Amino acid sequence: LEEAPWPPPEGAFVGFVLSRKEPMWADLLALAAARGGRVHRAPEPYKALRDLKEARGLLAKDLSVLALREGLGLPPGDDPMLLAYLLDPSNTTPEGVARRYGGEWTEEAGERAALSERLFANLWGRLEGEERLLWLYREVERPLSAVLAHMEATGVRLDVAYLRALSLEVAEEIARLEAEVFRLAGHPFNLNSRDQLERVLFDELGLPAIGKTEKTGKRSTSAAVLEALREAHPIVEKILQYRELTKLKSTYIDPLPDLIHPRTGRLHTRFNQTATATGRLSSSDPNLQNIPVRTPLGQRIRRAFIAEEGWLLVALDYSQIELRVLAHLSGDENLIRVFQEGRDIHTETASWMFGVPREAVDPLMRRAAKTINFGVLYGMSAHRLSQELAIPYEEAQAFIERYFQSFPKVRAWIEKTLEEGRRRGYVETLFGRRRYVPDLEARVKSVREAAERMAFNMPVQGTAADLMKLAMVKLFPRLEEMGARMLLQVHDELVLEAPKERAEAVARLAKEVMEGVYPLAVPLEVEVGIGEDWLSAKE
């Protein structure tokens, strides 16, 4: 390319180098742009950032996040990563995408800008004729990148002192559990090592090994294994209690307070737009899509996520989203009627499991019912179902045959999806987002059947993801008009932050937007809550 002085003309493709992967923590080492056979290298990256009208190119969102961090309203535009990801969700990295579509992902800004230009040209050519994928790009992925950029740059408030105090409390309880475990074992060892624990439980002690690890074929010390050994030895209960506490402390309680940004005073995650095979987003550095909520201690951690002073959090969650999506995709008359009548499968399944009335079903019980409903739907064996519910094989078998007898179009839709997946080499969501599943015709039954479960799950999980993405795109400008913020997304959940005076209005509006984003054969219902913290904003 012909070397030309900064700045570049409008609509140029940008290239940039960061000191680290996280845009909120990165130092902009270099900045460059490419257009019309020319390449423009910035003398000073930060200053040159102001000359750009938009971030157009590879990893456009990340540069936009860094710009927002610096108080610059620099929206992300075209990004070859998004084009490639729509063609094939296995296109997750700039290294892979570059190699596959015409170039190399180097560590020089000028070359990255030149790469972005060429990749866009080729990938745009690949999307020609693909109207449905083009629609997803223009209407979903590209505008969503802007929304995500704001979310990442905004961050969430965290009660640091609360967590640091909690750490000291948990540490003492952990000490009590490990002391008991070492006594029961008759000797101390590394309780954090599953290899050492395996020897203690199965060799040294008398406990029998139930299962094996997937990859190394060693005797498993997993939860499911320990759950069945709870009455065989008192050490098992202690190990399980130790597991939970150390898990939460090492993953959440301890590292999270150390990640508060010195300028924003808030916690900043990354929403990865090209990281899953189904079309879902992912969250990392840190992951804020797996903050605990099940156990009492997990709930205490959840409460540490709070609203800014003078603000309130608004939490919105789609009701039974993937079941409703299933009703639309399969076109099952009965399943459609279930939601038209306003029934709840999760509640009904829970009442059956625990043998209680519908009014007796609590959130924890309803949570367990989700494992059953989605598990059975996505091909859980009758053997495991019997084990999960501690029931005979016939009863578990009776539940699955009953599960599909009510909705005949479901099994039919699954089989249709599978055949089409084998023939075309891919399956697709309602909007046409595709996933290539080549192991549908594998020799090995375990490999082939696993691929099948991946295959017919994607149109359901992916469509729900498409719906949520579309809702976020529509909702965001409405929130900016009201002075509200979009903070987090948890697959079918949205967490907003609104000024107290407008909190109620924002909640109503956001509920309406999500419910009416893209109507199906069944209505979409959204549960909404408001509160000072994430947990309270749900209850």
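Residues carry their position along the shown sequence, with the first being 1. Here, rigid core means the biggest group of C-alpha atoms that superpose within 1.5 Å across both forms.
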Core-aligned, RMS over all structures and residues: is 461-469 or 165-173 the stretch with the greater C-alpha displacement in 8 other deposited structures of this protein? 165-173
Stretch with larger C-alpha RMS deviation in 8 other deposited structures of this protein, core superposed, 375-383 versus 451-459: 375-383
Once you work out the mean C-alpha B-factor for both 244-252 and 408-416 from the entry, which is higher? 408-416
Stretch with the higher entry mean CA B-factor, where the candidates are 114-122 and 208-216: 208-216
Out of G96, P357, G71, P296, whose C-alpha atom has the biggest B factor in the entry? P357
Of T463, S381, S90, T264, which one's C-alpha B factor is largest in the deposited record? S381
What third of its chain's C-alpha B-factors does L59 belong to: lowest, middle or highest? lowest
Relative C-alpha B-factor of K47, binned into the chain's lowest, middle or highest third: highest
Should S330 be placed in the lowest, middle or highest third of its chain by the C-alpha B factor in the entry? middle
Of the three thirds of the chain ranked by Cα temperature factor, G529 occupies the middle
Ranking every modelled residue in this chain by its Cα temperature factor as given in the entry, which third contains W135? lowest
